[PDB]
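Chains as they are written, first to last, in UniProt numbering: chain W, 2 to 237; chain X, 2 to 238.
Heads up, the beta-carbon is just placed ideally off N, CA and C, and yes, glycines get one too.
A short write-up of the structure that comes next.
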Amino acid sequence: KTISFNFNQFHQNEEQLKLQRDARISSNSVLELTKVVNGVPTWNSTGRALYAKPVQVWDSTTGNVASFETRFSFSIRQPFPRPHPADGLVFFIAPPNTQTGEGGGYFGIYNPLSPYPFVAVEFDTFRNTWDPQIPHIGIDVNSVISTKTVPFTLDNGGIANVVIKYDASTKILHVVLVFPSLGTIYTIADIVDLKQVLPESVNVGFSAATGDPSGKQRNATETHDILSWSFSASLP
Amino acid sequence: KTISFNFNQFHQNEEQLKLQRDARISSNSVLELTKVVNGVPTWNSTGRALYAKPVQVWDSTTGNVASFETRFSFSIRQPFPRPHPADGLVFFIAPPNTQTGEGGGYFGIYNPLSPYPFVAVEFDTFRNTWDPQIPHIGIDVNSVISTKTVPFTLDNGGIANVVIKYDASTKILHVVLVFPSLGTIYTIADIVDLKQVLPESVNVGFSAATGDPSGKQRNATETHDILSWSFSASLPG
Ligand SMILES: *[C@@H]1O[C@H](CO)[C@@H](O[C@@H]2O[C@H](CO)[C@@H](O)[C@H](O)[C@H]2NC(C)=O)[C@H](O[C@@H]2O[C@@H](C)[C@@H](O)[C@@H](O)[C@@H]2O)[C@H]1NC(C)=O
Ligand SMILES: *[C@@H]1O[C@H](CO)[C@@H](O[C@@H]2O[C@H](CO)[C@@H](O)[C@H](O)[C@H]2NC(C)=O)[C@H](O[C@@H]2O[C@@H](C)[C@@H](O)[C@@H](O)[C@@H]2O)[C@H]1NC(C)=O
Ligand SMILES: *[C@@H]1O[C@H](CO)[C@@H](O[C@@H]2O[C@H](CO)[C@@H](O)[C@H](O)[C@H]2NC(C)=O)[C@H](O[C@@H]2O[C@@H](C)[C@@H](O)[C@@H](O)[C@@H]2O)[C@H]1NC(C)=O
Ligand SMILES: *[C@@H]1O[C@H](CO)[C@@H](O[C@@H]2O[C@H](CO)[C@@H](O)[C@H](O)[C@H]2NC(C)=O)[C@H](O[C@@H]2O[C@@H](C)[C@@H](O)[C@@H](O)[C@@H]2O)[C@H]1NC(C)=O
Ligand SMILES: CC(=O)N[C@H]1[C@@H](O[C@H]2[C@@H](O)[C@@H](CO)O[C@@H](O[C@H]3[C@H](O)[C@@H](O)[C@@H](O)O[C@@H]3CO)[C@@H]2O)O[C@H](CO)[C@H](O)[C@@H]1O
Ligand SMILES: CC(=O)N[C@H]1[C@@H](O[C@H]2[C@@H](O)[C@@H](CO)O[C@@H](O[C@H]3[C@H](O)[C@@H](O)[C@@H](O)O[C@@H]3CO)[C@@H]2O)O[C@H](CO)[C@H](O)[C@@H]1O
Ligand SMILES: [Ca+2]
Ligand SMILES: [Ca+2]
Ligand SMILES: [Mn+2]
Ligand SMILES: [Mn+2]
């Protein structure tokens, strides 16, 4: 059982995507997770984008878990250096039919009033009380308090290539971050048992958020654009 | 305890390096693991390069294992597409004071006569009876029959950037291969317990080999050059 999709660019009204909150597809084909007005990113923004169809990560009959690989390119432009950009974007896996969670440092995937399980890879740009120096890549399981973290230097407004790979036989989730214009490479990996934290069917996608009003800073913002995205999963 | 070294280039007669067999440092400073005469790679070649000083990967007293990260760039030029280039290069970890093993598909690290333990990451270009489609990255533990492998497409004569990282806490060995001119990225990882396969002190380095004469093909060859190399390791306590 193999499922896969590829997006070289994005089209307005793409029927295979489910856009939520502020997420929208620009005219020149980029998926803008968070709000940008007249070329300027705004604060108090949150948006998600999910693949329209659910994917099966494991089968309770056979007990088998899927292996998958997804690659995407994103760009984060931070026009206002002072006082601090926020908040970041993530790639996540969650039960189907979920609603956008809290914004800010919760990236829009965590909902305290009614938490749902999730596995996510974050590209965190704002340092909350629970965070190590930013920016950093982090692996999150049911919480934004990462199990593993690695710092990285952002290519402001540049293109970033990401590769996320999960091997069921070893339970290893490894992600690679590359900034071609700088030639830098960042790698992080950890063990995660999907069967143990997620249901048989899930949704995959992205979620991002800009500065929360509580911070009283309109400069706490940046863009969170997704340029392309391909996904592939295999359940034996 | 933290050890590390960085070679942004290679000098003739590198005091910090121990060259074996065909390995040699060119005039323009690249480390040529296998023989190349007048700009042409030859068959029947094998060479290794080890960091002169041994490194401690684990301590029997504390039971602690080290974490490490190594980055290097290499280039493999395949002048003769037919009938098949060979054999590939590897980065390996082995007990100190070992001798070059068999060439060919054994890369010069495996010795059937008297086998010694080793952990290696291979960049295999010839398909032996025990191999999947080539080229591929492979993780080898005491054998060239990889535990895990992933295929990749070579940038002939181009530059390749490699990042190998080992985290003791999870026992995860993850390697990343990138070809900047093509923008391609390959990743592979697996679990390896160093403490369980290697001695407390080891040697780290590279080894490569070209077509073995038994194949009766002088075209079974290619270059195996290392452009730069940095290593780092933290053994807490
Ligand atoms: C942050 O964004 C939210 C969503 O865009 C704002 O809430 C929505 O604001 C609309 C415009 O005023 C209003 O029609 C909607 O009812 C409201 N949604 C609800 C029910 O929460 C949120 O705050 C609102 O908008 C600002 C401009 C003020 O007018 C507030 O009084 C509203 O509640 C935004 N945060 C702020 C206060 O900037
Ligand atoms: C929010 O971003 C603004 C634009 O980046 C900051 O203003 C800019 O501050 C620069 C100083 O580093 C100055 O050269 C620019 O001309 C100015 N641009 C504009 C259009 O405002 C702003 O900084 C605050 O406001 C400015 C006017 C000064 O009073 C600064 O001392 C203030 O810090 C940023 N606000 C914050 C909270 O940092
Ligand atoms: C493959 O490379 C070998 C080097 O590791 C060659 O070994 C030969 O070893 C001899 C013993 O010391 C030495 O005199 C020779 O110079 C050297 N090769 C030559 C001729 O330069 C091996 O050469 C073949 O095998 C040896 C034992 C002799 O019979 C040579 O005449 C053969 O050419 C190389 N094999 C091939 C097929 O080229
Ligand atoms: C070993 O590599 C050689 C160089 O690529 C091959 O020879 C070259 O083959 C080309 C077409 O395949 C031909 O246009 C070139 O002129 C020729 N170059 C030379 C110097 O020979 C060689 O291919 C075969 O063997 C050679 C000797 C010729 O007879 C070719 O016509 C053959 O295809 C490669 N060896 C093999 C067996 O593939
Ligand atoms: C959880 C979350 O969404 N957090 C937001 C938030 O972050 C906090 C920080 O900005 C922090 C730094 O001073 O300030 C907090 O709020 C202030 C508050 O405004 C004051 O009245 C007083 O209570 O002090 C606290 C801090 O101690 C913010 O909640 O905002 C930033 C944007 O600037 C990010 O969006 C975080 O994700
Ligand atoms: C063991 C080793 O290092 N392998 C070399 C070797 O690989 C074999 C293949 O090239 C294979 C292709 O036909 O041929 C083998 O040898 C022949 C032998 O010469 C014949 O007489 C007959 O017995 O069949 C066998 C194989 O069936 C080679 O051992 O050579 C290649 C060079 O192209 C590589 O260097 C491998 O690493
Ligand atoms: Ca954060
Ligand atoms: Ca091989
Ligand atoms: Mn974080
Ligand atoms: Mn192999």
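Comparing C-alpha distances from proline 118 of chain W to each of W:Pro200, W:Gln218, W:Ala221, W:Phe6 shows the shortest one belongs to W:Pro200. For the pair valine 142 of chain X and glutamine 57 of chain X, the Cα-to-Cα distance works out to about 18 Å. Contact check between the stretch 133-142 of chain W and the stretch 151-159 of chain W: three or more CB pairs, one atom from each, fall below 8 Å, which counts as touching. Judged by DSSP in its simplified three-state form, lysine 196 of chain X adopts helix. Looking at the backbone, the Cα of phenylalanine 232 of chain X and that of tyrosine 107 of chain X are separated by about 24 Å. Rounded to the nearest whole angstrom, the C-alpha separation of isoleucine 173 of chain W and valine 193 of chain X is 12 Å. The closest heavy atom of ligand 3 lies less than 7 Å from the beta carbon of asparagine 45 of chain X. Within chain W, no residue has its beta carbon less than 9 Å from that of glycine 159 of chain X; the closest one is some 14 Å off.
For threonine 222 of chain X, there are no C-beta contacts with chain W under 7 Å, since the nearest C-beta of that chain is about 30 Å from it. Placement of the Cβ of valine 145 of chain X at a distance of less than 7 Å from at least one heavy atom of ligand 10 is found. Closer than 9 Å at the C-beta level to chain W, one finds these residues of the stretch 183-203 of chain X: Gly184, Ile186, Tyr187, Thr188, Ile189, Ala190, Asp191, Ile192.
A Cβ-Cβ contact shorter than 8 Å links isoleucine 227 of chain X with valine 31 of chain X.
A distance below 8 Å separates the beta carbons of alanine 221 of chain W and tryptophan 44 of chain W. 8 Å or more divides the Cβ of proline 133 of chain W from the Cβ of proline 97 of chain W. In this structure, the C-beta of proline 214 of chain X approaches ligand 3 to less than 7 Å from one of its heavy atoms. With a threshold of 8 Å between beta carbons, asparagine 7 of chain X makes no contact with chain W. Non-local C-beta neighbours of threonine 101 of chain X in its own chain, meaning closer than 7 Å and more than five positions away in sequence, comprise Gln21, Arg22, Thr47, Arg49, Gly109, ordered along the chain. For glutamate 123 of chain X, the shortest separation between its Cβ and any heavy atom of ligand 10 lies below 7 Å. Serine 235 of chain X is classed as exposed because its beta carbon has fewer than 16 other beta carbons within 10 Å across all chains shown. Within chain W, the residues placing a beta-carbon under 8 Å from that of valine 177 of chain X are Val177, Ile186, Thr188, ordered along the chain.
Using beta-carbon distances, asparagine 162 of chain X counts as an interface residue toward chain W, with a partner under 8 Å. Taking 8 Å as the cut-off, the beta carbon of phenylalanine 93 of chain W is found closer than this to the beta carbon of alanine 121 of chain W. At least 8 Å separates the beta-carbon of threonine 99 of chain W from that of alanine 209 of chain W. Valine 37 of chain W sits close to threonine 224 of chain W, with the two beta carbons spaced by under 8 Å. Comparing alpha carbon positions, the residue from X:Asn29, X:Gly212, X:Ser229, X:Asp168 closest to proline 84 of chain X is X:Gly212. DSSP places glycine 159 of chain W outside both helix and strand once states are collapsed to three, so it counts as coil. Beta-bridge annotation (DSSP): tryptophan 44 of chain W is not paired with any residue. For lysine 149 of chain X, the closest C-alpha among the options X:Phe81, X:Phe207, X:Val176, X:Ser202 is that of X:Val176.
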